[PDB]
Amino acid sequence: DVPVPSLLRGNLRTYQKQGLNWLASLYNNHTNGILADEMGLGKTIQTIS
Amino acid sequence: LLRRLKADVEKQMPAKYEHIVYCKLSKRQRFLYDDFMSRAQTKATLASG
Ligand SMILES: Nc1ncnc2c1ncn2[C@@H]1O[C@H](COP(=O)(O)OP(=O)(O)O)[C@@H](O)[C@H]1O
Ligand code: BEF
């Protein structure tokens, strides 16, 4: 996980940054998976990020 | 698959209690309930249909 953090105005927590970490292996490896996190943990922050 | 839960972000989330409130049935609801049980028994309750 080596993210370029520009245009991300708000603040995210550590586990959502780990959500971007596990989301980094999808587009770079051309793989598609289902992200099913617990409700209230900010999946939309991971998608927007 | 990608799945996390609230136990990793625990000790900052508040407690969650599940209460069960019992309320007795009303008099007209008991008469109408027994009336629908008897009238359903006239139709043989439609259980195995
Ligand atoms: N870094 C953060 N700081 C504060 N609140 C946040 C943060 N990330 C997410 N949230 C809150 O978590 C909620 C996430 O809701 P949303 O992503 O729409 O649905 P869900 O997370 O239930 O799939 C948002 O309403 C937001 O207020
Ligand atoms: F999973 Be969240 F409640 F949209």
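Calculation rules
Numbers given for residues start from 1 on each chain and follow the written sequence, which can depart from the numbering in the entry; residues without coordinates are excluded. Just so you know, chain letters begin at A and ligand numbers begin at 1, following the order they were written in. Only a portion of a larger assembly is displayed here, and every value given applies to that displayed portion alone. Hydrogens and water molecules were not included; the side-chain quantities draw on all heavy atoms of the structure. Residues with missing side-chain atoms are left out of burial classes, side-chain pairs and their counts. Strands here are runs of E lasting at least two residues and helices are runs of H or I lasting at least four, both read from the DSSP assignment and numbered beginning at the N terminus. The span you would expect from a helix comes to 1.5 Å times its residue count less one. The nearness test applies per residue and asks whether one of its heavy atoms lies within 4 Å of the molecule or strand. Under the rule applied, a polar contact is a pair of N or O atoms within 3.5 Å (in protein, one hydrogen donor and one hydrogen acceptor; residues adjacent in sequence only if both atoms are side-chain atoms). The method behind every accessible area is Shrake-Rupley, applied with a 1.4 Å probe, and residues are considered shielded solely by the protein chains displayed. Residues are grouped as follows: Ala, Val, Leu, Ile, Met, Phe, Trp, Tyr, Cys and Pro are nonpolar; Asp, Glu, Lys and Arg are charged; all remaining types, including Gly, are polar. Residue burial is assigned from relative accessible area. The probe radius is 1.4 Å, only protein chains are included, and a residue is buried under 20% of its type maximum, exposed over 50%, and partly exposed in between. What the arc covers is the set of directions going from the helix axis to the C-beta atoms. Residue contacts are defined here by distance: any two heavy atoms, one from each residue, within 4.5 Å place the two residues in contact. Summed over both partners, the accessible surface that disappears when two parts come together, traced with a 1.4 Å probe, is what is meant by buried area. For this analysis, a salt bridge means a side-chain nitrogen from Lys or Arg found within 4 Å of a carboxyl oxygen belonging to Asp or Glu. To count toward a patch, a residue needs a relative accessible area over 30% and no salt bridge; like charges are then connected within 9 Å, while nonpolar side chains (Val, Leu, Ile, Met, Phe, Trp, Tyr) are connected within 5 Å.

1. Structural notes on the overall build of chain B
Okay, step 1: Within chain B one finds 1 helix and 0 strands.
Okay, step 2: When the backbone C-alpha atoms are referred to their principal axes, chain B occupies close to 55 × 35 × 10 Å.

2. A few points about helix α1 (residues 27-42) of chain B
The α-helix winds at 3.6 residues per turn, so residues separated by three or four positions along the chain end up facing the same way.
Okay, step 1: With 16 residues, α1(B) extends 23 Å from end C-alpha to end C-alpha; this agrees with the ideal 22 Å at 1.5 Å per step.
Okay, step 2: After α1(B) finishes, the residue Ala44(B) shows a positive phi value of roughly 60 degrees.

3. Notes on the site of ligand 1
Residues and elements named next belong to chain A.
Okay, step 1: Residues in contact with ligand 1, as listed here, are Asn11, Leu12, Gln16, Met39, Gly40, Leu41, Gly42, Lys43, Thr44 and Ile45.
Okay, step 2: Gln16 places a side-chain nitrogen or oxygen 3.2 Å from a nitrogen atom of ligand 1.
Okay, step 3: A distance of 2.9 Å separates an oxygen atom of ligand 1 from a polar backbone atom of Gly42.
Okay, step 4: With the chains in place, 51% of the 570 Å² that ligand 1 exposes on its own is no longer accessible.
Okay, step 5: Among the elements that line the shell around ligand 1, the one with the most residues is helix α2 (residues 43-48), at 3 residues.
Okay, step 6: In the shell around ligand 1, the residues fall into 4 nonpolar, 5 polar and 1 charged.

4. As for helix α1 (residues 14-27) of chain A
Residue and element names in this part refer to chain A.
Okay, step 1: With 14 residues, α1 extends 21 Å between its outermost C-alpha atoms, agreeing within 8% with the 20 Å of an ideal straight helix rising 1.5 Å per residue.
Okay, step 2: Listed as buried for α1 are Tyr15, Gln16, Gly19 and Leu20. Relative to the axis of α1, the buried residues are bounded by an arc of 155 degrees and lie together on one face.

5. Observations regarding the interface of chain B and chain A
Okay, step 1: With 8 residues of chain B at the interface, the matching set in chain A holds 12 residues.
Okay, step 2: Buried area between chain B and chain A, summed over both chains or domains, comes out near 920 Å², and the portion from carbon and sulfur atoms is 54%.
Okay, step 3: Contact with chain A buries area across many residues of chain B, yet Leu2(B), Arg4(B) and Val9(B) alone supply 65% of it, more than any other trio.
Okay, step 4: For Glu38(A), the salt bridge identified is with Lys6(B), shortest N-O distance 3.2 Å.
Okay, step 5: Inspection of the region where chain B meets chain A yields 5 residue pairs in polar contact.
Okay, step 6: Of the residues in the side of chain B that touches chain A, the class split is 5 nonpolar, no polar and 3 charged.

6. A closer look at a nonpolar patch on the surface
Okay, step 1: On the surface, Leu8(A), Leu12(A) and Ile45(A) cluster together into a nonpolar patch covering about 210 Å² of accessible area.
Okay, step 2: Structurally, the position occupied by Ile45(A) is in helix α2.

7. Topic: the environment of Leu20(A)
Residue and element names in this part refer to chain A.
Okay, step 1: Looking at the secondary structure, you find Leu20 in helix α1.
Okay, step 2: For the pair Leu20 and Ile34, spaced 14 residues apart in the sequence, the C-alpha separation amounts to 14 Å.
Okay, step 3: Discounting chain neighbours no more than four positions away, the residues touching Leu20 are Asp1, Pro3 and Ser49.

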